[PDB]
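Take a look at the structure set out below.
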Amino acid sequence: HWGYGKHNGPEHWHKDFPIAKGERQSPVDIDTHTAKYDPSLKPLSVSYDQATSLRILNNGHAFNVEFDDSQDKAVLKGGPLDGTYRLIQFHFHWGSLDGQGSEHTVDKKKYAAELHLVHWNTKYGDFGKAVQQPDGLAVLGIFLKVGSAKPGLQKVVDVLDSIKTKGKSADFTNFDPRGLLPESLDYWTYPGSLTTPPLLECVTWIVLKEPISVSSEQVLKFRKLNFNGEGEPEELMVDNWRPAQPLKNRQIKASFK
Ligand SMILES: CN(C)c1nnc([C@H](N)S(N)(=O)=O)s1
Ligand SMILES: [Zn+2]
């Protein structure tokens with residue numbers, strides 16, 4: 001089935017998922033000179049004080065940190081969004097080398113990695129109904145560059161040893177996602193899609209301008225994960241990013257001047 005290799009990677013996905021060649025696919029290159037400041041955008045509200053993390057899982061493609069989304073505990077509102085979007089999970093995309101790994105690019109620059117905080121619109125009642133709607137999801141994207149360590153990431157780094165292979169999970173309670181955010185909430189926004197199969201066109205993307213810094217030792221621990229299952233020959237989990245897709249009939253808006 002699908003993956004990131006030569007025989008099952010992004011250039012093959014359209015045969016099972018024809019929407020791969022659709023009109024609102026993600027990620028995209030963000031041309032900073034072309035993006036325009038939008039005064040109609042409302043301030044942006046990240047409310048993560050009552051977040052309840054539960055578990056961390058290796059799915060064969062990336063790892064997910066999952067949250068209790070049975071009540072409004074950790075929500076995203078404001079900015080381009082109408083209504084309330086509940087945090088369900090976060091994950092990353094990363095490279096084999098420090099000069100590649102992000103999905104979005106900025107003036108064609110690739111970062112070492114990209115964090116995705118995935119949220120669903122509570123007017124649709126559950127995540128599976130939300131992904132069938134054009135405004136069903138909001139994904140907050142944050143770039144990672146290599147330099148100083150991120151103290152708030154270290155708890156994630158230290159549990160990766162326990163989920164090395166596809167299908168493994170571990171308890172991950174009391175993790176505070178506020179420790180993964182940069183100082184500034186300045187952002188770019190556009191309508192797009194999931195970046196993995198089934199590639200559904202259901203996402204409002206909100207991509208922060210300020211990257212977070214992580215250390216070379218933190219990213220090296222991501223690159224020790226495996227795509228394969230336990231007992232199978234080793235295929236390092238690296239380069240699990242989709243490249244930039246055609247912008248087509250879309251405008252990227254900026255929250256800042
Ligand atoms: C469960 N669903 C559909 C998804 N889980 N992670 C997904 C992606 N990896 S992204 N990048 O958020 O579209 S898509
Ligand atoms: Zn993602």
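All heavy atoms count here, side chains included; hydrogens, waters and symmetry mates do not. Just so you know, ligand 1 is whichever comes first in the structure, and atom 1 is the first atom listed for that ligand. Note that the numbering runs from 1 along the sequence shown for the chain.
- Every ring-ring contact (aromatic ring centres under 6.0 Å, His included) that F175 has, sequence neighbours left out, goes to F90, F172.
- For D186, the side-chain contact (heavy atoms from CB on, under 4.5 Å) criterion is met by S184, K209, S255, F256, not counting sequence neighbours.
- Between the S26 side chain and the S193 main chain, a donor and an acceptor come within less than 3.5 Å of each other.
- Contact between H93 and ligand 1 is present, with at least one heavy atom of the residue lying under 4.0 Å from the ligand.
- Of all protein heavy atoms, the one closest to atom 13 (O) of ligand 1 is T195 N, 3.0 Å.
- Taking the ring centroids of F92 and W241, they lie at or beyond the 6.0 Å cut-off.
- If you look at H61 next to ligand 1, there are no close heavy atoms at all, none under 4.0 Å.
- Shown in contact with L194 at under 4.0 Å from a heavy atom are these atoms of ligand 1, numbered in order with element: 3 (C), 13 (O), 14 (S).
- In terms of protein heavy atoms, atom 8 (C) of ligand 1 is closest to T196 OG1, 3.4 Å.
- Ranking protein heavy atoms by distance to atom 12 (O) of ligand 1, first place goes to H91 CE1, 3.1 Å.
- Taking a distance limit of 4.0 Å, we find that atom 4 (C) of ligand 1 is approached by no protein heavy atom.
- The cationic atom of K129 (NZ for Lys, CZ for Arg) does not lie both less than 6.0 Å from the six-membered ring centre of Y124 and within 45° of the ring axis.
- Distances from atom 1 (C) of ligand 1 to the heavy atoms of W241, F90, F127 put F127 nearest.
- Under the 4.0 angstrom criterion for non-hydrogen atoms, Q89 is in contact with ligand 1.
- Taking the ring centroids of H104 and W188, they lie at or beyond the 6.0 Å cut-off.
- Less than 2.8 Å away from the Zn ion (ligand 2), the protein contributes these N/O/S atoms: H91 NE2, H116 ND1.
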Go through the steps for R55 and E66 under the test salt bridge (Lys or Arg N to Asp or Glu O under 4.0 Å), then give the verdict. CA-CA 5 Å; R55 188 181 78 138; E66 301 157 1; 2.7 Å; yes
For residues 155-167, please give each side-chain donor-acceptor pair under 3.5 Å, one per line with the distance, not counting sequence neighbours.
from	atom 1	to	atom 2	distance (Å)
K155	NZ	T173	O	2.7
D158	OD1	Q154	NE2	3.1
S162	OG	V159	O	2.8

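- Annotation: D107, atom CG; neighbour count of heavy atoms from other residues, nucleotides and ligands within 6.0 Å is above 12.
- The aromatic ring centres of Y4 and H93 sit 6.0 Å or more apart.
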